[PDB]
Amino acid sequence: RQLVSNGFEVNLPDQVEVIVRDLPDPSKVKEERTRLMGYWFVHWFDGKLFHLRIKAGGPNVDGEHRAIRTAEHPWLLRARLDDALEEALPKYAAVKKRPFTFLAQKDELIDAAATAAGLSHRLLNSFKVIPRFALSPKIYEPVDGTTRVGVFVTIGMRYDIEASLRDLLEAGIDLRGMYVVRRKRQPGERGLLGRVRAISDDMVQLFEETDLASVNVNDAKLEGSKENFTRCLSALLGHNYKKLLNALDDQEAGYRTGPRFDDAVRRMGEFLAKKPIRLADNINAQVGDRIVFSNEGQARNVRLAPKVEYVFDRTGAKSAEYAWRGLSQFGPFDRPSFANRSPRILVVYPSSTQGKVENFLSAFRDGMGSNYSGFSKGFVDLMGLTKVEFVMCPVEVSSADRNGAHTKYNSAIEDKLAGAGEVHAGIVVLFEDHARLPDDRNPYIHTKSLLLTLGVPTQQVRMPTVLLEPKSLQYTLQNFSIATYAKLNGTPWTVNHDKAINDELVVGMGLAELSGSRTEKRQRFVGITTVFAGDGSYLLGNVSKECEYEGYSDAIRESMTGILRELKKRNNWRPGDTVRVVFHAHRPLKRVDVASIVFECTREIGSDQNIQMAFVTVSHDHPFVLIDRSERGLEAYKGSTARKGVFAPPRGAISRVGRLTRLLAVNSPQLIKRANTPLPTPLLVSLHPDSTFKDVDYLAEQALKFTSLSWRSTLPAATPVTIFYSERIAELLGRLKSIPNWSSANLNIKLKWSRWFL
């Protein structure tokens, strides 16, 4: 039982001698660091300034002398290590500090990719993809009670377009509408300048500008987004352009695949271990062994959660390892009770797509047959319904109509429904050129708005999807079916849980940030989703209808206390029963908000029961990766030479970093998509220190299970539904709040049990 990390032990001195002076105002710290530059390392923490001498000779420093022992206060040397790593690698310029980040000295993957695909173009030399490395000094706990410092190595790719904007023009590339950034960024300057309206003299005309509406061709460059890469390259190359991307993708796989990443990490550790790292001129650190996660000795640092089971009945008896397998065999969890066995579904679509939409609806409702075993039965037999009646609502509108498409859809819905009686759901087909129009003329959001006001949830669909090859279409229709059923109040599946306490509530919060352009300040909206322990099963509760950023903490507390009150009433908790409340988000709550939440839930449940409360953050973008050297991977596809997910930990692997923190693996070899897919990064699950329920392993496993509860897809989500559904709610409600004639009135009436946000 071993998982290898991307980090190395750092052998530090036991002790370091330091000078301390009280400095209750931290505004002084910056000038003082400058004054003692070169001779002293300086660090402010907890009202006080800490000085570690790094070189002999003045200036002098007044203060109390103290021995800072590493085992007890590892933050001091962790911080010194950020800078010492920089100093240790003088030939690699920092592109960022804390963590030290830098570029490979030679390697340039576009040149290599071109050669390997046998492509060429004069300008290609001005498109650079360079490996980017970061070394992050992190505190971890090899076992409870003991801290150490590790150096964690992470790799990504710098994409840059150095080309002059002038050159890109004459090559036939249309630069209109592309974002542009400053070549040299003033200290504490923005990068984004805006979009390209046109070029004049030595002068770019910018719309959506962030500052001035003009800048010289010479002080600006295209932003190195994938969008600009593809737009420039396909113009200069197509259709050889895909050939270069695959080859670039192959090159990058050379640094990001499991074995190849493990090798790059090894080589980086060798390089840093070659010389001592000077913490001062007389005090050294040494980079040591690869940090592992194991159960050797007094370490209990790795476990494997059981496989999540998808459950399709209350008796626990009907279950599967995979959502579709189970759904296909058993039908949905709620089919014995599902109330509406003959849904009427409005189908809103551009009249000119009529035949394509019929083909799609036929495939959806009645299946694709045995040649497409992924979607044979169709929606009706899949979900155990009697029939589906489509009410056709053609719309006279063209993809060219960018300004009045939304008006036409809504006019057509209103006229059709006036004379049609009640519809239970709707499907809205959209042109690709309309899907991303601004919200004031976007038919997605206008039709979603109108139909949700009327209490009619929709599943929308873009024509490129409607037209998918049958091999892709069968999977499309799995996902479409599951969300549509849930939109009709259905519960497709649950995930196993064996209840140990009398009740458990999990609430999540999710954030969305909206603006009409990148110039405009993003406005924040929030959402809240609740999940309850059932008997053998987790059950999705209700969902917020207000979106609310200011006061989100009051909303969390209002939602938990109202829910605890109703759960108690439903279940009639007995004296001495234990109730557990778990909160999830992608960021940690404030201590003061945890205190207020704990106080109000405790007072609401009363002294008759025992309450356990945990506050959990789920992080995706941290410096930790898990390597399972025992995993050979799987056949990229049956039956190739290439392998996918080589060295990928199993789904459900949980490693201990520290008392409050676990790493959770979610993307197993099975789930990994391709040979060139990188070694996955696990989720970091952190418990808030003020939590009263402390078992982070159990909370990591619960988070795992909730990834499987997503009804947007047959495949699991990247984050538990408690957070993920909250983000979809927040985005939709925040958008809707700007749409004329939107009302939320039906969200808690007709739509109370509809999962309208999927």
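All residue numbers refer to positions in the sequence shown, first residue = 1. C-alpha atoms forming the largest set that superposes within 1.5 Å between two forms make up the rigid core.
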query	finding
Greatest C-alpha divergence in 7 other deposited structures of this protein once each structure is fitted on the rigid core, 635 to 643 or 435 to 443	635 to 643
Stretch farther from the shown model on average in 7 other deposited structures of this protein, with CA RMS computed after core superposition (350 to 358, 234 to 242)	234 to 242
Entry-level comparison of average CA B-factors, 82 to 90 and 449 to 457, reporting the higher stretch	82 to 90
Higher-scoring stretch by recorded Cα B factor average, 402 to 410 or 200 to 208	200 to 208
Per the PDB entry, maximal CA B factor within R436, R462, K416, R190	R190
Out of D593, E504, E469, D249, highest CA B-factor residue	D249
Where the record places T257 (Cα B-factor, split into thirds across the chain)	middle
CA B-factor ranking of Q2, expressed as a third of its chain	highest
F364 - Cα temperature factor, lowest/middle/highest third of chain	lowest
Where the record places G576 (Cα B-factor, split into thirds across the chain)	middle
Among modelled residues of the same chain, the CA temperature factor third for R728	lowest
